[PDB]
> 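So that we are looking at the same thing, I have put the structure below in structure tokens.
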Amino acid sequence: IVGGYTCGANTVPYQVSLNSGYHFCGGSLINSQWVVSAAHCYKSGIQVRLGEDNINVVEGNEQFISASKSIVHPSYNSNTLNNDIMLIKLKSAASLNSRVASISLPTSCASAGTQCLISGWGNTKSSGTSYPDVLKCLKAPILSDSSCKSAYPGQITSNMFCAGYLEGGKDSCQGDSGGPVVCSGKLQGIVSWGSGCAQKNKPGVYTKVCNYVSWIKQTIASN
Ligand SMILES: [Ca+2]
């Protein structure tokens, strides 16, 4: 997160870190046994880390649970990033509490102008590299489909939306991938892609979660 703020420990209780020896992507807890992330975050050997603030210190609210199964969206295209979504099932159920909590899935899509909270442990510089230890947060609005398409000609599908600031300076970044975009208490987006970070006229691009709720619910019901 570039241009954001320190969230505060466990104030984003559905935020997870995906760990394969090191943090490499975010995710969102959607029930006691399932996590939603970005397909481009797929790898084997995932440990899900719940309850994290400082990802380099054991502070007392963590739950570390191995993935038992990963399911990349059937139609994921790694070249275009269309359908950049994946589900991860935990080997055991998380113990849900005030600091480790699921986020509601949307019943309807969000609209341009709605404010949302984006979070993660990704890079905090746009012309630099600095990775935070504690969770960072950014409040940002959804942008219109037309301004999204104008920012990224020929690249925005119906499964993508833009959010952030055309002026630059405030965005998600490398290492935030897979993490949440939550709007009015609903998971509406997944950190997916963008040209650099926090660059003028190059807002973040997010997977549009509302398009996937049918797939998510049926997948959970059969696995
Ligand atoms: Ca920790």
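Start at 1 with the first residue, then count along the sequence. Counting starts at 1 for both ligands and their atoms, in listed order.
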> Closest heavy-atom contact between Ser119 and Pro180?
OG-CG, 3.3 Å
> Drop me the distance from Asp145's CG to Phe161's CZ, to the nearest 0.5 angstrom.
11.5 Å
> Test side-chain contact (heavy atoms from CB on, under 4.5 Å) on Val100 and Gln63; report intermediate values, then the result.
CA-CA 8 Å; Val100 176; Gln63 299 176 49; 3.8 Å; yes
> What's the separation between atom OG in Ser172 and atom CD1 in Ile190, rounded to the nearest 0.5 Å?
12.0 Å
> Which of the protein's N, O or S atoms come within less than 3.0 Å of the Ca ion (ligand 1), not counting waters?
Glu52 OE1, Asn54 O, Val57 O, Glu62 OE2
> Do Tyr152 and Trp193 make the cut of ring centroids closer than 6.0 angstrom?
yes
> Of the options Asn83, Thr207, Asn82, which is the one that meets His73 in a side chain to side chain contact (heavy atoms under 4.5 Å, CB included)?
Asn83
